[PDB]
Amino acid sequence: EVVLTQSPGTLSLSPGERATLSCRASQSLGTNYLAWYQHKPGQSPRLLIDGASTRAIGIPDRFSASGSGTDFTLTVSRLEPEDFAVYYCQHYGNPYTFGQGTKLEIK
Amino acid sequence: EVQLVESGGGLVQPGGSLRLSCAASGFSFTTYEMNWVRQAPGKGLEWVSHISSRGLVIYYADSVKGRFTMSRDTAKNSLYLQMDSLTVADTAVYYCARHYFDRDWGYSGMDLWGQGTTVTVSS
Amino acid sequence: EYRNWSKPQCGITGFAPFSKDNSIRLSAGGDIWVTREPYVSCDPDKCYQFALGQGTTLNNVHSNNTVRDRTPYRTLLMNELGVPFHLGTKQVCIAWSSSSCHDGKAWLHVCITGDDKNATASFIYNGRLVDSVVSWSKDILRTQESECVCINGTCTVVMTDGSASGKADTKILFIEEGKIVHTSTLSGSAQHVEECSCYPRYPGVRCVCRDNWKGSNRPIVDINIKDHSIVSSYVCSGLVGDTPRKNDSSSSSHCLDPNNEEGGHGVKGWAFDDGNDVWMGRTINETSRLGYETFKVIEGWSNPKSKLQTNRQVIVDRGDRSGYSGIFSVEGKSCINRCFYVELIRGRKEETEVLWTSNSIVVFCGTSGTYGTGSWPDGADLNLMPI
Amino acid sequence: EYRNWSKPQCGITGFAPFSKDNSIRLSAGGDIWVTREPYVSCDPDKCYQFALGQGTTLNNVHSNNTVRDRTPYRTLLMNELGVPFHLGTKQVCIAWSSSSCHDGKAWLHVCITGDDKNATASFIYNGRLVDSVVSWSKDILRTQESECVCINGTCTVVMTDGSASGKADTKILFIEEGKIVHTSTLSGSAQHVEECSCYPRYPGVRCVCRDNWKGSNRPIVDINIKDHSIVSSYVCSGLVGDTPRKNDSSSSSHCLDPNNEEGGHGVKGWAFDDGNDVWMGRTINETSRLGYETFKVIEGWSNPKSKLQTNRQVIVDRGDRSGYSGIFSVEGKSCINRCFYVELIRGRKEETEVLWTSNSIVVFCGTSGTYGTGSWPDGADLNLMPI
Amino acid sequence: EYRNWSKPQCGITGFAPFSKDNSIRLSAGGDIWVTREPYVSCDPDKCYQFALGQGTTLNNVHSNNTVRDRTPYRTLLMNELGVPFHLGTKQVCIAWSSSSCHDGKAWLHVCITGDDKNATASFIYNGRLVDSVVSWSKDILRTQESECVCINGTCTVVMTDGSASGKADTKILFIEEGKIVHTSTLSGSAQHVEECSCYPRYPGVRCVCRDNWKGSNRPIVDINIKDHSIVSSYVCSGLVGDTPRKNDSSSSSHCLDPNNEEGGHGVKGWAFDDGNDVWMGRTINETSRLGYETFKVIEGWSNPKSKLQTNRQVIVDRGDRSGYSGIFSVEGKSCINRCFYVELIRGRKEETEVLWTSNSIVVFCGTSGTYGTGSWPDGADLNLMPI
Ligand SMILES: *[C@@H]1O[C@H](CO)[C@@H](O[C@@H]2O[C@H](CO)[C@@H](O[C@@H]3O[C@H](CO[C@H]4O[C@H](CO)[C@@H](O)[C@H](O[C@H]5O[C@H](CO)[C@@H](O)[C@H](O)[C@@H]5O)[C@@H]4O)[C@@H](O)[C@H](O[C@H]4O[C@H](CO)[C@@H](O)[C@H](O)[C@@H]4O[C@H]4O[C@H](CO)[C@@H](O)[C@H](O)[C@@H]4O)[C@@H]3O)[C@H](O)[C@H]2NC(C)=O)[C@H](O)[C@H]1NC(C)=O
Ligand SMILES: *[C@@H]1O[C@H](CO)[C@@H](O[C@@H]2O[C@H](CO)[C@@H](O[C@@H]3O[C@H](CO[C@H]4O[C@H](CO)[C@@H](O)[C@H](O[C@H]5O[C@H](CO)[C@@H](O)[C@H](O)[C@@H]5O)[C@@H]4O)[C@@H](O)[C@H](O[C@H]4O[C@H](CO)[C@@H](O)[C@H](O)[C@@H]4O[C@H]4O[C@H](CO)[C@@H](O)[C@H](O)[C@@H]4O)[C@@H]3O)[C@H](O)[C@H]2NC(C)=O)[C@H](O)[C@H]1NC(C)=O
Ligand SMILES: *[C@@H]1O[C@H](CO)[C@@H](O[C@@H]2O[C@H](CO)[C@@H](O[C@@H]3O[C@H](CO[C@H]4O[C@H](CO)[C@@H](O)[C@H](O[C@H]5O[C@H](CO)[C@@H](O)[C@H](O)[C@@H]5O)[C@@H]4O)[C@@H](O)[C@H](O[C@H]4O[C@H](CO)[C@@H](O)[C@H](O)[C@@H]4O[C@H]4O[C@H](CO)[C@@H](O)[C@H](O)[C@@H]4O)[C@@H]3O)[C@H](O)[C@H]2NC(C)=O)[C@H](O)[C@H]1NC(C)=O
Ligand SMILES: *[C@@H]1O[C@H](CO)[C@@H](O[C@@H]2O[C@H](CO)[C@@H](O[C@@H]3O[C@H](CO)[C@@H](O)[C@H](O)[C@@H]3O)[C@H](O)[C@H]2NC(C)=O)[C@H](O)[C@H]1NC(C)=O
Ligand SMILES: *[C@@H]1O[C@H](CO)[C@@H](O[C@@H]2O[C@H](CO)[C@@H](O)[C@H](O)[C@H]2NC(C)=O)[C@H](O)[C@H]1NC(C)=O
Ligand SMILES: *[C@@H]1O[C@H](CO)[C@@H](O[C@@H]2O[C@H](CO)[C@@H](O)[C@H](O)[C@H]2NC(C)=O)[C@H](O)[C@H]1NC(C)=O
Ligand SMILES: *[C@@H]1O[C@H](CO)[C@@H](O[C@@H]2O[C@H](CO)[C@@H](O)[C@H](O)[C@H]2NC(C)=O)[C@H](O)[C@H]1NC(C)=O
Ligand SMILES: *[C@@H]1O[C@H](CO)[C@@H](O[C@@H]2O[C@H](CO)[C@@H](O)[C@H](O)[C@H]2NC(C)=O)[C@H](O)[C@H]1NC(C)=O
Ligand SMILES: *[C@@H]1O[C@H](CO)[C@@H](O[C@@H]2O[C@H](CO)[C@@H](O)[C@H](O)[C@H]2NC(C)=O)[C@H](O)[C@H]1NC(C)=O
Ligand SMILES: *[C@@H]1O[C@H](CO)[C@@H](O[C@@H]2O[C@H](CO)[C@@H](O)[C@H](O)[C@H]2NC(C)=O)[C@H](O)[C@H]1NC(C)=O
Ligand SMILES: *[C@@H]1O[C@H](CO)[C@@H](O)[C@H](O)[C@H]1NC(C)=O
Ligand SMILES: *[C@@H]1O[C@H](CO)[C@@H](O)[C@H](O)[C@H]1NC(C)=O
Ligand SMILES: *[C@@H]1O[C@H](CO)[C@@H](O)[C@H](O)[C@H]1NC(C)=O
Ligand SMILES: *[C@@H]1O[C@H](CO)[C@@H](O)[C@H](O)[C@H]1NC(C)=O
Ligand SMILES: *[C@@H]1O[C@H](CO)[C@@H](O)[C@H](O)[C@H]1NC(C)=O
Ligand SMILES: *[C@@H]1O[C@H](CO)[C@@H](O)[C@H](O)[C@H]1NC(C)=O
Ligand SMILES: [Ca+2]
Ligand SMILES: [Ca+2]
Ligand SMILES: [Ca+2]
């Protein structure tokens with residue numbers, strides 16, 4: 001019943017710029033059960049952000065995240081060649097649901 | 001080192017059954033919540049099912065509900081997905097993942113992922 | 001020899017500084033245990049600090065990713081109040097949940113360890129394993145994480161088992177010299193009860209718990225140490241103490257039922273009563289565990305709809321990290337004094353410049369004299385400490 | 001003042017967690033002794049852990065190649081149960097073999113050190129060197145590696161001297177305040193007796209030993225503390241406890257003689273009797289010291305060919321390392337309780353990513369209540385620890 | 001059980017070496033607390049050393065810039081006399097100012113912490129927080145930084161509050177079992193009184209303080225422990241003991257009033273009286289805290305205009321660093337002995353090759369026998385120690 005629409009689909013940029021990804025949520029949800037994953041193709045998903053604001057263990061400092069209620073945002077402040085992939089926002093509280101994703105490709 | 005290894009991906013004609021197994025090394029299922037997540041080809045990630053550390057299946061996706069059965073053996077540390085009546089929409093790469101329920105903070109988020117096993121329902 | 005807590009309650013106008021351990025600051029140089037969920041308890045002579053250690057020190061490879069709460073390696077550490085958890089610390093049981101009493105003769109430790117589905121509570125008295133219990137609800141069996149209370153040799157421990165957001169079975173166990181003599185199922189108006197801070201309100205025990213399911217006010221469990229009769233209600237003050245909670249302008253209480261306001265999660269805390277007024281402590285930030293203030297709400301134990309503070313103190317500043325806090329009572333010369341401890345959490349899941357999670361403690365006690373202002377944070381600088 | 005162990009045996013339905021030291025995990029950061037061959041013993045107040053330390057810490061250059069068992073530097077270390085073997089540990093004698101009693105008045109230590117041919121056993125009581133003995137068979141003189149038992153001030157120690165695979169002279173020494181008052185040569189049906197786990201089965205002592213020559217069942221030595229008469233037999237249960245052993249389906253016992261099955265080597269272990277049933281513990285792997293499980297064999301103390309377990313517990317998981325285990329008895333309020341300890345060995349000769357060998361201990365005690373499931377391994381990660 | 005100090009004063013011809021802690025030398029290898037402002041006090045059995053620790057060790061990142069005196073992290077550390085402040089040291093209260101008594105039954109700690117404007121003084125007796133006071137002058141509340149004195153259960157503490165160069169309110173607090181029973185405002189000829197070294201001159205207490213405003217002679221506060229009547233004057237000897245002070249040839253006292261000579265700042269020190277003569281100690285350098293010598297001025301307690309010295313000793317050499325010094329009395333078999341301690345300060349603001357500030361202590365006691373010469377500096381080499 002909460003549908004997480006990742007707003008930008010196929011955002012394209014060049015190494016060293018700032019990328020802003022958005023997950024908007026149908027209805028308001030507890031802002032501590034939302035997470036952000038990176039899925040580079042041919043590799044298993046990797047968790048980047050947890051609790052909508054917490055960097056995972058080992059993730060570089062480039063990624064940061066924020067949000068509240070229906071709005072959520074992720075930003076890789078300075079891009080890198082290998083930070084180009086699909087990005088999912090997940091709600092792991094009830095009701096369980098993923099996002100459709102956002103594709104980052106080198107221009 | 002902790003690792004998850006999924007096995008059992010194979011061709012299945014429609015209406016069939018396949019059992020996926022995820023073997024865990026470096027930790028016990030008696031303290032971690034285990035998940036089956038699938039990616040159909042050309043679409044995003046989809047959360048198939050979730051099982052607690054206390055052994056309860058908390059959730060089954062609506063499509064998979066009634067056809068898939070998710071279980072676990074806490075002696076061999078294995079996770080199983082018995083898929084019955086496989087349709088062509090169920091062709092996907094399957095992933096066993098792990099997250100945590102903390103008494104103080106609560107659910108955490110899937111930090112450990114497997115290699116993946118691909119199940120293709122065909123013809 | 002037994003302890004009966006018969007004296008009145010001391011006149012309290014506020015709380016004065018009593019102790020500080022500086023654990024994280026000393027951990028930068030030196031071998032200090034990685035701990036969390038601490039508390040304080042006193043035998044008739046002096047006071048001791050307890051914690052749940054993760055089976056490793058901080059300048060350790062095993063200190064990495066210690067944010068979990070249920071591992072086979074967590075044990076219960078006990079020192080005198082003031083001595084930091086160095087490598088000479090005696091770890092008194094295997095436990096990822098714990099509680100501790102002193103009945104005037106010997107120490108009692110309740111220690112929970114095991115699988116989340118099965119879980120065992122070992123009851124250890126006078127250095128013997130006297131009793132043991134299994135999970136009744138086949139879920140995460142857990143207990144007060146602070147001191148329990150003994151009156152005439154009968155000690156009381158509140159143990160919860162079941163879902164964190166839902167109906168859970170809470171029981172009150174009456175222990176005599178480590179042996180469980182009775183067990184009363186919880187009954188009353190409190191729906192979810194966890195991590196209770198209990199104190200001897202002679203002739204019984206009064207516990208202020210956390211509602212982790214549907215309320216931001218705190219539950220109250222009144223245990224009759226004698227008839228083994230349990231009563232439950234909620235802290236009646238309009239200024240509620242759980243975090244997350246709503247702002248003071250718009251917070252409410254029911255004095256019987258959960259308020260259904262920002263009640264999703266919570267934090268372990270305390271409160272007690274002075275006549276009709278309530279002495280309470282909570283975090284300064286209403287959503288994160290940042291800061292810690294104690295104050296007195298006038299007619300707050302007796303009336304929902306009272307938001308009148310008095311005698312406010314700022315124990316930790318608004319921007320400094322706090323955590324679990326709890327109460328413990330100290331027998332004085334002519335009355336019973338109330339003290340509290342605050343756990344100052346530092347590390348991963350809120351500060352991502354380190355890979356570990358640990359805590360320090362700061363201890364205050366009630367006073368009938370005067371006091372000033374201050375702020376006693378943890379003080380550790382994690383930008384310079386080893387990861 | 002003396003201890004006579006007169007009370008009955010406590011009702012045992014299983015064992016509950018009691019202690020864990022986390023020695024290897026703390027050794028990664030901090031100075032912790034390199035030990036092996038530990039045990040536990042209790043004076044009438046609390047319990048103590050003992051070990052044989054290799055004269056060095058783990059983050060030490062001297063920690064390299066510490067897999068030997070007989071060096072001039074090994075000493076006997078004693079702390080309270082729970083305190084890890086830090087650098088403040090009191091080492092109470094020079095010993096590469098050891099045993100320890102408490103008769104209710106003072107501690108007794110039996111310490112064997114010296115050359116393999118001519119070895120010396122010092123008997124230390126109340127902080128004095130009271131007596132001394134030389135090897136009788138001019139071979140590796142060795143003793144229980146666990147606690148000895150005193151009844152009315154007379155303590156009993158089982159000491160073996162001779163070939164590990166062959167006829168060796170085993171003696172039972174009766175000590176009074178450190179002075180050896182009597183010495184009985186072993187007599188009975190047990191051929192090879194080593195590393196005995198003894199407990200006070202009033203009015204005497206019952207020891208379950210290891211057969212390192214021709215059996216995978218354990219020997220039994222019944223010492224009459226009064227008449228100084230020795231009886232020997234074998235543990236009669238069809239599920240034998242030594243490792244290496246044959247698989248459960250194809251194992252046997254004799255109640256009198258070695259079964260001649262996979263009896264080449266062995267491991268120190270324990271067993272005791274509840275009526276006709278036998279409570280026992282062994283490693284989960286039948287060939288390596290991996291895992292540790294305890295259970296009860298029905299009519300296992302009186303009937304061979306019985307393979308009917310009950311009340312099985314998994315103390316250490318099947319994939320994790322264990323080692324020597326032993327029994328010690330604790331005087332309760334109305335009965336005598338049985339506890340055991342398991343030694344979790346980590347390091348060289350089985351894990352070649354480090355140059356050292358050490359151990360950690362996990363302690364369980366019997367309970368008349370209920371219990372759950374779990375697994376309490378050592379937890380050290382040797383891929384990251386210093387070599 | 002109470003202590004009444006009724007015996008006469010021991011015959012003193014000089015002072016003999018008693019203790020040394022070597023804190024800075026051990027801090028180069030090992031974990032040692034960063035401290036300053038130490039003192040010594042003895043219960044009827046043995047003697048203890050106290051210090052104000054900065055909440056960190058010396059080989060620590062938090063050791064950087066520890067020259068401040070008022071931080072939320074300073075606590076009061078207590079060990080036995082001789083044991084260095086290792087990581088097992090019990091820190092007994094939150095305090096950036098402190099004093100400590102033993103009345104023959106239990107320890108009393110006066111601990112001042114908090115904001116500079118509103119500061120809190122906690123009075124802790126027998127491990128309880130018994131009392132608390134707030135700043136009266138709303139300035140830096142401060143106390144003796146050495147031991148206080150109890151006679152028949154009534155202990156006396158001198159506390160100053162107000163400007164360092166100006167009129168400050170000094171009070172004498174009479175405490176009974178931690179409870180403040182009386183408070184006398186200071187009255188007499190002493191204008192500025194700080195950091196008093198008090199000793200039981202039965203039937204009362206005599207304190208020699210520092211004048212941090214207008215004098216280089218030391219104030220004297222005579223407290224009648226019974227009538228609670230206070231008398232104030234100045235040390236009458238022509239050889240004044242404060243530093244900064246004028247050279248021996250040009251110095252003067254007034255025996256009632258400040259001398260108005262080099263009285264801008266000062267250092268905590270001591271002095272006591274033997275008949276008409278005065279036994280005193282001071283730094284050898286007249287301007288910096290370098291060196292330390294004790295001697296006896298003949299008719300120095302009754303006559304200004306006396307510069308006759310005798311029995312001179314050089315406890316620390318002219319070129320070695322010293323600091324705060326103080327007195328403490330020890331009950332002998334037939335008389336009361338006087339001992340003193342010297343604080344040897346090392347580190348930043350005077351030696352800019354390190355980023356920290358710490359201290360060591362050297363303790364001497366009076367003797368009726370003979371003695372030799374020597375010099376006992378700190379000995380640390382800061383050019384090789386970690387910054
Ligand atoms: C030196 O140290 C002493 C001891 O530590 C300090 O004294 C203490 O000072 C505190 C803070 O002023 C006193 O706390 C009290 O605050 C009560 C309200 O809580 C406030 O804080 C919370 C959290 O920030 C806010 O949410 C509240 O705000 C709400 O209400 C205010 C106004 O009501 C609104 O403006 C807000 O927007 C919110 O709606 C508060 O700000 C307060 O109720 C309590 O009451 C006293 O004063 C009021 C008049 O303002 C009287 O009506 C009431 O009866 C009390 O009057 C007392 O004070 C006088 C003078 O002392 C006495 O003569 C009376 O007998 C009576 O005691 C109070 O303000 C705390 O009480 C106090 N403790 C003691 C023991 O004195 C000093 O501040 C400190 N000084 C320094 C720094 O040098
Ligand atoms: C929560 O914790 C409690 C306490 O920790 C657990 O309860 C304990 O559970 C164990 C589970 O097995 C009980 O262990 C006993 O095991 C006996 C031995 O068999 C087992 O080990 C051998 C060697 O590993 C294995 O080979 C077995 O597997 C098979 O092979 C053997 C022969 O090789 C066959 O005999 C078997 O049939 C298998 O093919 C097992 O791992 C076992 O014999 C013993 O017997 C119980 O059940 C049999 C029927 O099978 C009854 O005849 C017998 O009387 C026992 O029944 C009692 O116990 C059960 C509880 O399990 C009660 O419900 C009954 O009313 C009756 O009292 C048993 O299996 C151990 O006894 C038990 N301890 C207790 C209850 O105190 C819980 O499992 C755990 N739960 C959760 C949530 O995890
Ligand atoms: C072995 O150990 C013992 C014990 O440690 C040492 O004996 C002690 O030695 C000291 C130093 O000689 C004795 O100190 C006393 O010093 C008084 C003056 O102190 C001097 O130094 C200070 C600081 O530099 C100066 O301030 C003084 O004043 C100088 O300048 C002022 C002006 O500013 C002038 O006015 C002064 O006159 C000075 O110019 C001093 O230089 C000193 O007055 C005191 O006097 C005693 O000795 C003198 C002769 O030295 C006598 O005339 C006088 O009557 C006193 O005599 C007694 O003591 C001596 C022993 O020194 C006996 O032999 C006599 O019989 C008589 O009893 C004295 O000098 C300290 O008293 C002394 N302690 C004892 C004995 O217990 C030994 O030196 C040491 N030996 C070694 C190194 O092997
Ligand atoms: C602190 O703890 C974390 C958690 O164990 C450690 O991070 C993990 O480190 C391992 C080893 O580098 C990583 O495994 C590697 O994964 C990649 C695929 O992602 C694989 O190709 C490699 O063969 C290897 O298996 C693991 O991903 C990483 N996990 C996480 C959650 O970050 C970390 O090393 C520890 N850090 C320190 C400084 O001790
Ligand atoms: C206290 O919290 C309430 C929400 O529970 C705040 O009320 C909302 O505030 C926003 C911003 O001013 C307004 O847009 C909404 O219309 C308010 N809604 C409600 C429910 O009143 C309130 O402003 C907060 N008060 C303070 C002082 O922070
Ligand atoms: C309470 O803590 C929260 C953090 O949970 C504070 O929220 C931050 O506010 C600042 C602006 O004031 C933002 O830049 C940050 O993004 C916010 N979030 C975080 C995670 O830092 C909040 O201001 C604090 N104060 C109160 C009383 O709500
Ligand atoms: C238990 O061990 C016995 C050996 O003592 C195993 O019996 C042998 O097993 C192999 C492999 O199945 C056969 O080739 C042999 O013919 C068997 N010989 C004997 C002596 O029976 C037995 O299979 C083992 N059982 C289990 C279940 O592991
Ligand atoms: C008991 O331990 C032995 C090791 O002594 C295990 O044997 C290993 O088995 C795996 C395959 O299962 C082989 O790849 C290894 O080569 C074997 N040896 C070693 C040294 O690792 C054995 O599987 C364990 N289990 C039992 C019950 O026998
Ligand atoms: C002691 O100090 C006084 C100053 O208080 C010194 O007297 C001055 O010394 C200088 C240098 O000799 C002369 O220029 C001045 O004329 C002196 N003035 C006074 C006030 O007398 C005295 O020399 C010092 N004595 C010693 C020995 O150091
Ligand atoms: C007392 O200490 C001071 C330092 O405050 C010494 O003064 C030094 O004297 C030497 C020459 O003797 C100069 O080179 C230095 O510049 C001076 N200052 C410092 C800061 O080192 C003084 O000599 C010492 N002695 C006395 C008795 O005054
Ligand atoms: C509680 O104990 C104290 C001392 O042990 C005793 O004086 C008092 O009467 C007791 N109170 C009651 C109610 O029995
Ligand atoms: C404790 O024991 C005393 C003496 O028997 C009794 O007076 C008192 O009521 C008891 N208190 C309770 C509530 O158990
Ligand atoms: C054993 O000692 C206890 C107490 O010392 C005593 O009560 C008991 O009678 C003794 N048992 C025997 C058999 O003497
Ligand atoms: C132990 O001592 C008691 C009292 O002397 C005696 O009754 C009992 O027979 C003795 N038992 C043994 C085993 O020596
Ligand atoms: C001081 O106490 C001692 C022993 O406690 C006693 O002998 C002496 O008389 C007391 N002095 C006075 C003056 O009461
Ligand atoms: C100390 O106590 C003794 C005995 O009570 C008494 O004679 C003397 O006057 C007291 N002195 C004081 C109060 O200093
Ligand atoms: Ca809540
Ligand atoms: Ca064998
Ligand atoms: Ca001055």
# chains A, B, ... in the order shown; residues from 1 in each chain; ligands from 1
>>> residues_around(residues="segment 65-80 of chain B", least_positions_apart="2", cutoff="7 Å", atoms="only C-alpha atoms", output="list in words")
residues 19, 20, 21, 22, 23, 24, 28, 29, 30, 60, 61, 62, 63, 82, 83, 84 and 85 of chain B
>>> write_last_selection(atoms="N, CA and C atoms", output="PDB file, in the first residue's frame")
ATOM      1  N   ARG B  19      13.568 -26.729  -6.124  1.00  0.00           N
ATOM      2  CA  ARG B  19      13.864 -26.322  -4.742  1.00  0.00           C
ATOM      3  C   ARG B  19      15.187 -25.575  -4.779  1.00  0.00           C
ATOM      4  N   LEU B  20      15.214 -24.324  -4.345  1.00  0.00           N
ATOM      5  CA  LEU B  20      16.469 -23.544  -4.260  1.00  0.00           C
ATOM      6  C   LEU B  20      16.998 -23.749  -2.851  1.00  0.00           C
ATOM      7  N   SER B  21      18.303 -23.823  -2.669  1.00  0.00           N
ATOM      8  CA  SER B  21      18.904 -24.007  -1.331  1.00  0.00           C
ATOM      9  C   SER B  21      19.916 -22.901  -1.130  1.00  0.00           C
ATOM     10  N   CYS B  22      20.014 -22.320   0.049  1.00  0.00           N
ATOM     11  CA  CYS B  22      21.050 -21.294   0.287  1.00  0.00           C
ATOM     12  C   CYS B  22      21.817 -21.755   1.492  1.00  0.00           C
ATOM     13  N   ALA B  23      23.081 -22.031   1.290  1.00  0.00           N
ATOM     14  CA  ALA B  23      23.903 -22.538   2.383  1.00  0.00           C
ATOM     15  C   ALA B  23      24.649 -21.369   2.954  1.00  0.00           C
ATOM     16  N   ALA B  24      24.634 -21.276   4.253  1.00  0.00           N
ATOM     17  CA  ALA B  24      25.251 -20.170   4.962  1.00  0.00           C
ATOM     18  C   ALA B  24      26.486 -20.639   5.714  1.00  0.00           C
ATOM     19  N   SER B  28      24.930 -18.306  12.206  1.00  0.00           N
ATOM     20  CA  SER B  28      23.814 -19.198  12.469  1.00  0.00           C
ATOM     21  C   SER B  28      22.496 -18.522  12.120  1.00  0.00           C
ATOM     22  N   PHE B  29      21.584 -19.290  11.535  1.00  0.00           N
ATOM     23  CA  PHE B  29      20.245 -18.792  11.264  1.00  0.00           C
ATOM     24  C   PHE B  29      19.432 -18.563  12.525  1.00  0.00           C
ATOM     25  N   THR B  30      19.904 -19.024  13.676  1.00  0.00           N
ATOM     26  CA  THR B  30      19.153 -18.887  14.913  1.00  0.00           C
ATOM     27  C   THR B  30      19.170 -17.472  15.464  1.00  0.00           C
ATOM     28  N   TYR B  60       5.053 -13.391   2.421  1.00  0.00           N
ATOM     29  CA  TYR B  60       5.229 -14.055   1.101  1.00  0.00           C
ATOM     30  C   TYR B  60       4.664 -13.068   0.085  1.00  0.00           C
ATOM     31  N   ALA B  61       5.309 -12.842  -1.048  1.00  0.00           N
ATOM     32  CA  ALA B  61       4.836 -11.830  -2.017  1.00  0.00           C
ATOM     33  C   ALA B  61       3.498 -12.291  -2.550  1.00  0.00           C
ATOM     34  N   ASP B  62       2.635 -11.395  -2.986  1.00  0.00           N
ATOM     35  CA  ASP B  62       1.273 -11.841  -3.354  1.00  0.00           C
ATOM     36  C   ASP B  62       1.305 -12.872  -4.473  1.00  0.00           C
ATOM     37  N   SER B  63       2.148 -12.684  -5.475  1.00  0.00           N
ATOM     38  CA  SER B  63       2.200 -13.611  -6.626  1.00  0.00           C
ATOM     39  C   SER B  63       2.660 -14.965  -6.151  1.00  0.00           C
ATOM     40  N   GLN B  82      10.804 -24.056  -1.902  1.00  0.00           N
ATOM     41  CA  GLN B  82      10.080 -25.038  -2.699  1.00  0.00           C
ATOM     42  C   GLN B  82       9.096 -24.286  -3.578  1.00  0.00           C
ATOM     43  N   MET B  83       9.411 -24.173  -4.862  1.00  0.00           N
ATOM     44  CA  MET B  83       8.558 -23.472  -5.807  1.00  0.00           C
ATOM     45  C   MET B  83       7.701 -24.483  -6.553  1.00  0.00           C
ATOM     46  N   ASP B  84       6.388 -24.311  -6.476  1.00  0.00           N
ATOM     47  CA  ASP B  84       5.444 -25.195  -7.138  1.00  0.00           C
ATOM     48  C   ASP B  84       4.604 -24.397  -8.121  1.00  0.00           C
ATOM     49  N   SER B  85       4.215 -25.057  -9.210  1.00  0.00           N
ATOM     50  CA  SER B  85       3.429 -24.446 -10.277  1.00  0.00           C
ATOM     51  C   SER B  85       4.131 -23.208 -10.830  1.00  0.00           C
TER      52      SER B  85
END
>>> residues_near_ligand(ligand="ligand 14", cutoff="9 Å", atoms="only C-alpha atoms and all ligand atoms", output="PyMOL selection string")
chain D and resi 2-4+6+151-154+202-204+224-226
>>> atom_distance(atom1="atom CA of residue 281 of chain E", atom2="atom CA of residue 44 of chain E")
25.9 Å
>>> residues_around(residues="residue 269 of chain D", least_positions_apart="4", cutoff="9 Å", atoms="only C-alpha atoms", output="list in words")
residues 195, 196, 197, 208, 209, 210, 218, 241, 242, 280, 281, 282, 323, 324, 325, 326, 327 and 342 of chain D
>>> residues_near_ligand(ligand="ligand 10", cutoff="8 Å", atoms="only C-alpha atoms and all ligand atoms", output="list in words")
residues 284, 285, 286, 287, 288, 289, 290, 318 and 319 of chain E
>>> residues_near_ligand(ligand="ligand 19", cutoff="9 Å", atoms="only C-alpha atoms and all ligand atoms", output="number ranges by chain")
E: 210-218, 242-245, 258, 260-267
>>> residues_around(residues="residue 114 of chain B", least_positions_apart="3", cutoff="12 Å", atoms="only C-alpha atoms", output="PyMOL selection string")
(chain A and resi 43-46) or (chain B and resi 2-7+21-25+34-38+79+93-98+110-111+117)
>>> residues_near_ligand(ligand="ligand 3", cutoff="8 Å", atoms="only C-alpha atoms and all ligand atoms", output="JSON, numbers by chain")
{"E": [13, 14, 248, 249, 295, 307, 308, 309, 310, 311, 312, 313, 370, 371, 372, 373]}
